[PDB]
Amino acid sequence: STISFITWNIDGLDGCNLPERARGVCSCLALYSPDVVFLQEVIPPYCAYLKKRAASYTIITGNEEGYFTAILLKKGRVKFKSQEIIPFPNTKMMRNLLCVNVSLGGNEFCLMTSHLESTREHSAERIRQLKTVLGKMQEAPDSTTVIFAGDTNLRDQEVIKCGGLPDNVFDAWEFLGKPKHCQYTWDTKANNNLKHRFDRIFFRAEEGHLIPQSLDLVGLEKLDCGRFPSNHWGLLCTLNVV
């Protein structure tokens, strides 16, 4: 069998053309119809829009106020089991780690998402948050297939200086041979709502039991307002399970 998901910073902090942009994101999710969707910078009015225009998804939120992440689960495809929110005690931007354990097909999954600390100046905090994510991915059982996806805000080659990913934590984009057609999810040249690889995918699993098959960008079509659904590109990923 196979699985598919979309990670995307829908950018709820941009208060302009938000209803139209929300309809844009939902139209995109409807085309690909992923099993899971990892959202970042979601806000309550934006969240209330997903409960209507993306009714075929079970919404789990990282918070109830301000802005927050979210994990959507395709009904009839993904079965919810439990959720958990690992906090970031020293976050200055209400960031955290949303965890949602599910049963997809016939395998146990640990779906994770987070919006790591933004800006260059808060590099140290972003790294410490990353280590927490990586550490949390280790806490899961070996039978469980852990998949993290979200806005990591990682830049300036911050990863390789912190020690790099653990031996058992693999980057999907790197696993697929570092394709350039979806390298940059953040691009001020292409996008004009306003380049780095902020949005990333980390996964841990038994050897061969999770093989990334493809990775693509989404939300690259302008809407009626002449703007894109978000300042970030979305990332569609499909994986095989054996």
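Each residue number is its position in the shown sequence, starting from 1.
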How big is the unmodelled gap, if any, between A55 and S56 relative to the deposited sequence? Choose none, 1 to 3, 4 to 9, or 10 or more. none
Averaging only over Cα atoms, indicate whether 146-154 or 166-174 has the higher B-factor in the PDB entry. 166-174
Mean B factor on CA atoms, stretches 123-131 and 110-118, record says higher is 123-131
Highest recorded C-alpha temperature factor, please, choosing from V102, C99, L72, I160. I160
Quick one: which of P179, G66, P212, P34 has the biggest Cα B-factor according to the entry? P179
For the chain shown, is the CA B-factor of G234 in the lowest, middle or highest third of its modelled residues? lowest
Considering every modelled residue of the chain and its Cα B-factor in the PDB entry, is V218 in the lowest, middle or highest third? lowest
Among the modelled residues of this chain, does the Cα B factor of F38 put it in the lowest, middle or highest third? lowest
For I6, the third of its chain by CA B-factor is the lowest
Classify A48 as lowest, middle or highest third according to the C-alpha B-factor given in the PDB entry, relative to its own chain. highest
